[PDB]
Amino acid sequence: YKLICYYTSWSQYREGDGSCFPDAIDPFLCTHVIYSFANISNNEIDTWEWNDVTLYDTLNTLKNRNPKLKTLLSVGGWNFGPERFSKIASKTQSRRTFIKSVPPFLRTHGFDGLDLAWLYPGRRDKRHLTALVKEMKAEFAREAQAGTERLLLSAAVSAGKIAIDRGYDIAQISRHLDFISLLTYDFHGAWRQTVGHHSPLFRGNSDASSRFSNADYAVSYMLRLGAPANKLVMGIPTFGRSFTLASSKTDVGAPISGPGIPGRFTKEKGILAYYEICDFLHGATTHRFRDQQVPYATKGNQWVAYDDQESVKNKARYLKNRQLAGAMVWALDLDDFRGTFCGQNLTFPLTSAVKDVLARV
């Protein structure tokens, strides 16, 4: 099985223990590490932070302790407007320009492929996402003739039925990609003034109408649209989403006033890193949707929907039973990478759990 793990750039700036450089990665933990967020500029791939050429190297040296590790660079992400991507992809001059510039760049910094995080292609982009994948791959094949190993190509696809139906030709792009990472973590989305879980595994009996919004549906759906099981990779979040409540009603579907308060280290309304969740937990009440089999917590007026070792093992078993290619984990830097926040003594507890289950049969 593959264990694809994202490392994010802006996580070096976190103050204190929360700060994380490629340096922290167990070279033997994942199978592919994807460095997170390259820019595009002048229709040409390019660095994003000032020290990216340094960290790249830092990351790609893990391949010195483990010859089998492959690393990849991701274009796009959330601070890269999709409408930018759109201009690049719909416009055959600037598409070739972008594509053409990707191998020399990857090769120079020692990556093994490119991962495309086009965050949400729209209805009038499908034809072109298809054009960009198809053409990007074709170029990767042509560039292997130079006798080097073929670069890998992947994409981070959504998992909302509407999103899938609007922007992606799943059948056509699975034929060209080395693996699809299903983002099975952004469910209870941007909006709802009700509490809910962002990464439910299952449907849930207390949920008659939403049902397109859990990992099990997204997966069964992609399988039905044309993606082969051995290209699907299922996103497991290593962070938690929080809410500031608006009443003592703490239970299933209670009302909300807005996103939870920021983490002491992660500093960002709505998100909590798993390491902060470990600290939040002391003096909080835990509960667990058994239906969807994922936990939430509460303390004062904060309700936190998160993943712990047990649920992550669970999702990991799910994936093997459906025979997917493996798991994808959002943010090695969001997990307890130091190993000193969450009681027990493991380094990277969540990612370890997925690894352990993936390693077992």
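Heads up, when I say rigid core I mean the largest set of C-alphas that superpose within 1.5 Å between the two forms. Residue numbers here begin at 1 and follow the sequence given.
Greater average departure of CA atoms from the shown form, over structures and residues in 8 other deposited structures of this protein after a core fit, characterises 205-213 among 72-80 and 205-213.
A fit on the rigid core, followed by a root mean square over CA positions in 8 other deposited structures of this protein, ranks 188-196 against 236-244 and picks 188-196 as the more shifted one.
Mean C-alpha B-factor is higher over 81-89 than over the other stretch, the pair under comparison being 81-89 and 133-141. Checked against the record, the higher mean CA B factor of 294-302 and 322-330 lies with 294-302. The residue among 260, 237, 104, 160 whose C-alpha carries the highest B-factor in the deposited model is 260. When the C-alpha B-factors of 231, 241, 109, 249 are ranked from the entry, the top spot goes to 249.
The PDB entry assigns residue 43 a C-alpha temperature factor belonging to the highest third of its chain's modelled residues. Residue 74: CA B factor in the lowest third of modelled residues in this chain (values from the PDB entry). Among all modelled residues in its chain, residue 186 ranks in the highest third by Cα B-factor. Placement of the Cα temperature factor of residue 309 within the chain: middle third of the modelled residues, per the deposited record. Per-chain ranking of the deposited C-alpha B factor places residue 4 in the lowest third.
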